[PDB]
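In: this one's structure only:
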Ligand SMILES: OC[C@H]1O[C@H](O[C@H]2[C@H](O)[C@@H](O)[C@@H](O)O[C@@H]2CO)[C@H](O)[C@@H](O)[C@@H]1O
Ligand SMILES: OC[C@H]1O[C@@H](O)[C@H](O)[C@@H](O)[C@@H]1O
């Protein structure tokens, strides 16, 4: 039955639906919009549950009231919800039209210890997310960074227990870095970065620097230092000593560094997912993480932008499949934040391969047998963008004889706004939804399309780093259709 080809669609809510003062500003206005979404067949909505808003007053001083009101309204409107545990700041990344810092009490600690922030070679501290360097340092009034994240999720679970039991929440997206994605803040607009700059390594805080020095010493090269020839944010690879042909990135020193740098992210994600699994154990919800889509420089040997962001991906080394393998033990979903782009839409001097990157990432996930989801990177309202999203959702089209061999677990659309509801735009959006649903009407019971959610089980045993890195072996991607068989047209 065709319903087996159904891929659910979710819509991200406006940034700041509950403001920095923890107030659900305009319920009536949101309601009108939500009702239009429900009428259009949208399965659910997505929202940031901001750490800086909820635990503002002080350690474990949570206030869930405003969010309880929002969830209540969402439920009343007949929509499901994807909740993002947002442990990051809103404001310095593309589209961030509102400023929401992390808890002030944490920022106060940052005044006496600047090394709790990601730091670049020049010494500039980025305050949008706590460096992985302090994940296990008990410097926050007795707690470590991971314990803070853990306590937060447990409080959410307990205080929103009625919504969880009633099945309102479909999945919990655990924020793991800038913009909620598992990556280093290598391309900060707040520091002057501009596409398609290669970005900069963010491993200069005292915690990461010390870990590196100890590591190279144990490797027999105590004299090795962090990269000093990688250039600046807006450089091009060929103008740097680190990324040029036969440059530092290909030397024993460079390879060791890149492995160390990317490994920190894998472990960061694995340890926090462990806590998320314990916090939501038994609940009918799934776990998910977000991976950034860094398509610029993907078509040159150095893959410079990916490397500075923490994804050690080269033409002969898969830097994404190891992440997918790590996710399997947690039975988590890999959410890829860039599915609507086409190579031809990118300037040629950027050497961008968004289409190829998507194929590589989704294929790796399916090969590791995990579920994969995604979202468009930039606001788009045209047919071509929707058709590309639909192609990626079902790479080999629909199957009239049963379920498709390949399909994404869901797609989240960024973002709900007055522009989207404009007559003509919303008209196209409705067709996008219909096509994602494979020409079927909105289906309220997820079980009908094999998306039933069972109680979250405990995570499987820890997978050693060496086994994770075996996933770096390059593999051929699954075959992709040149265009979707379920086009929106125009
Ligand atoms: O509201 C979710 C999330 O949205 C923004 O980050 C997006 C980004 O704009 C996209 O281009 C892509 O990278 O996915 C990101 C995460 O969904 C905000 O910048 C971020 O703070 C917020 O959590
Ligand atoms: O915010 C950065 C964005 O700027 C836009 O002008 C470009 O078209 C995007 O490709 C880029 O990601």
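Out: That came in fine, so what should we check first? Numbering: from 1, shown residues only. Ligands and ions are numbered 1, 2, ... in the order given.

In: How about whichever residue of the stretch 1-150 of the chain sits closest to ligand 1: what's its closest non-neighbour residue?
Out: With CB to the nearest ligand atom as the measure, residue 93 is the residue of the stretch 1-150 of the chain nearest to ligand 1, at 4.0 Å. In this view, the C-beta of every residue, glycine as well, is placed from N, C-alpha and C. Nearest residue to residue 93, sequence neighbours excluded (CB to CB, 6 or more residues apart in numbering): residue 179, at 5.0 Å.

In: For residue 36, see how far away the one you found is.
Out: Distance, residue 179 to residue 36, by CB to CB, to the nearest Å: 27 Å.

In: check contacts around the residue nearest to residue 409 when sequence neighbours are not counted.
Out: The shortest distance from residue 409 to any non-neighbouring residue, by CB to CB, 6+ apart, is to residue 371 (4.1 Å). Applying CB atoms under 8 Å, 6 or more residues apart in numbering, we find residue 371 in contact with 286, 333, 334, 365, 409.

In: Next one: the second one from residue 410, what distance?
Out: In this case it means residue 333. 8 Å.

In: Mind checking which of the two has more residues around it?
Out: It is residue 410, of residue 333 and residue 410, that has more neighbours when counted by other CB atoms under 10 Å, with 26 against 22.

In: give me every residue that touches the more buried one.
Out: Going by CB under 8 Å, 6+ apart, residue 410 touches 7, 8, 9, 10, 43, 373.

In: Can you name the residue of this protein nearest to ligand 1?
Out: Closest point on the chain to ligand 1, by CB to the nearest ligand atom, is residue 337, at 3.5 Å.

In: ok, that residue touching residue 373?
Out: No. Counting by CB atoms under 8 Å, residue 337 sits too far from residue 373 to count as a contact (9.8 Å).

In: Comparing those two, which shows the higher neighbour count?
Out: Just comparing residue 337 and residue 373: by other CB under 10 Å the higher neighbour count belongs to residue 373, 27 against 18.

In: Just list whatever residues bridge to the more buried one.
Out: Beta-bridge partners recorded for residue 373 (DSSP bridges): residue 335, residue 410.

In: for residue 227, helix, strand, or coil?
Out: Secondary structure assignment for residue 227 (DSSP: H, G, I helix; E, B strand; the rest coil): coil.

In: same question, the one 4 residues further on
Out: Using three-state DSSP, the three-state assignment for residue 231 comes out as coil.

In: do the same with residue 126
Out: When classified by three-state DSSP, residue 126 comes out as strand.

In: Could you measure from the most centrally placed residue in the chain over to residue 260?
Out: In the chain, the residue lying closest to the centroid (CA atoms, centre = their mean) is residue 290, at 1.8 Å. In this view, residue 290 and residue 260 are 23 Å apart by CB to CB.

In: can you map out the strands along the stretch 201-350 of the chain?
Out: Counting by DSSP state E, counting those that start in this stretch, one finds strands in the stretch 201-350 of the chain at the ranges 286-291, 333-336.

In: can you pull the contacts of residue 182?
Out: For residue 182, the contact set (CB under 8 Å, 6+ apart) comprises 176, 265, 268, 269, 289, 290, 291, 292, 310, 323.

In: so which of those residues is the most crowded?
Out: When neighbours are taken as other CB under 10 Å, the top entry among the contacts of residue 182 is residue 310 (29 neighbours).

In: For the nearest residue to residue 301 once chain neighbours are set aside, grab the count of nearby residues.
Out: Spatial nearest neighbour of residue 301, chain neighbours left out: residue 315 (6.3 Å); criterion: CB to CB, 6+ apart. Other residues lying near residue 315 total 12 when counted by other CB under 10 Å.

In: quick one: the helix or strand that contains residue 171 near ligand 1?
Out: Counting by DSSP states H and E, the element that carries residue 171 is strand 169-174. No. Judged by CB under 6 Å from any ligand atom, strand 169-174 stays clear of ligand 1, getting no closer than 8.2 Å.

In: Which neighbours in the sheet does that strand have, and how are they oriented?
Out: Taking DSSP bridges as the criterion, strand 169-174 forms sheet pairs with strand 80-86 (parallel), strand 286-291 (parallel).

In: how about it: buried residues?
Out: 169, 170, 171, 172, 173, 174 (16 or more other CB atoms under 10 Å).

In: Tell me how far that strand lies from the chain's centre.
Out: 12 Å (CA atoms, centre = their mean, to the nearest Å).

In: which of the residues in the longest helix that the chain contains are buried?
Out: In the chain, assigned by DSSP state H, the helix with the most residues is helix 252-279. For helix 252-279, a neighbour-count test (16+ other CB under 10 Å) marks 253-254, 256-258, 260-266, 268-277, 279 as buried.

In: can you check stretch 359-375 too?
Out: In stretch 359-375, counting by 16+ other CB under 10 Å, buried: 359-368, 370-375.

In: Quote the end-to-end distance of that stretch.
Out: Stretch 359-375 stretches 14 Å from its first residue to its last (CA to CA, to the nearest Å).

In: near ligand 1, which residues of the stretch 301-450 of the chain?
Out: Contact residues, the stretch 301-450 of the chain versus ligand 1 (CB under 6 Å from any ligand atom): 337, 375, 377.

In: gap between the second one and residue 11?
Out: In this view, residue 375 and residue 11 are 10 Å apart by CB to CB.

In: Quick check: neighbours shared by these two?
Out: Common contact partners of residue 375 and residue 11 (CB under 8 Å, 6+ apart): 412, 413.

In: picking that back up, how about the residue nearest to residue 301, what does it touch?
Out: Taking CB under 8 Å, 6+ apart as the contact definition, residue 315 lies against 301, 303, 474.

In: Likewise for residue 194?
Out: Going by CB under 8 Å, 6+ apart, residue 194 touches 233, 234.

In: export the strands of the stretch 201-350 of the chain to a markdown table and tack on distance to residue 467?
Out: Converted to a markdown table, these look like this (distance: least, CB to CB, whole Å):
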| stretch | distance to residue 467 |
| --- | --- |
| strand 286-291 | 19 |
| strand 333-336 | 18 |
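
In: What is the neighbour count of residue 24?
Out: Using other CB under 10 Å, residue 24 has 18 neighbouring residues.

In: ok, now the one 3 residues further on?
Out: With neighbours defined by other CB under 10 Å, the count for residue 27 comes to 13.

In: list the contacts for it?
Out: 69, 73.

In: how close does it sit to residue 64?
Out: For residue 27, the distance to residue 64 (CB to CB) stands at 16 Å.

In: thinking again about what came up before, okay, the contacts of residue 315 in TSV with neighbour count next?
Out: As requested, those are exported to TSV (neighbours: other CB atoms under 10 Å):
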residue	neighbour count
301	15
303	28
474	11
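
In: Can you tell me which of these lies closest to residue 214?
Out: residue 303 (27.5 Å; CB to CB).

In: In contact with the closest one, which residues?
Out: Residue 303 touches 297, 313, 314, 315, counting by CB under 8 Å, 6+ apart.

In: swap the cut-off to 10 Å and go again
Out: Contacts for residue 303 (CB atoms under 10 Å, 6 or more residues apart in numbering) come out as 198, 237, 243, 249, 294, 296-297, 309, 311-315, 317, 319, 351, 353, 357.

In: same deal with residue 396?
Out: Listed by CB under 10 Å, 6+ apart, the contact set of residue 396 reads 404, 405, 406, 407, 478, 479, 480, 481, 484, 485.

In: among these, who's most crowded?
Out: That'd be residue 407 among the contacts of residue 396, by other CB under 10 Å, with 23 neighbours.

In: just checking, that residue touches residue 365?
Out: No. Using CB atoms under 10 Å, residue 407 is not in contact with residue 365, being 11.7 Å away.
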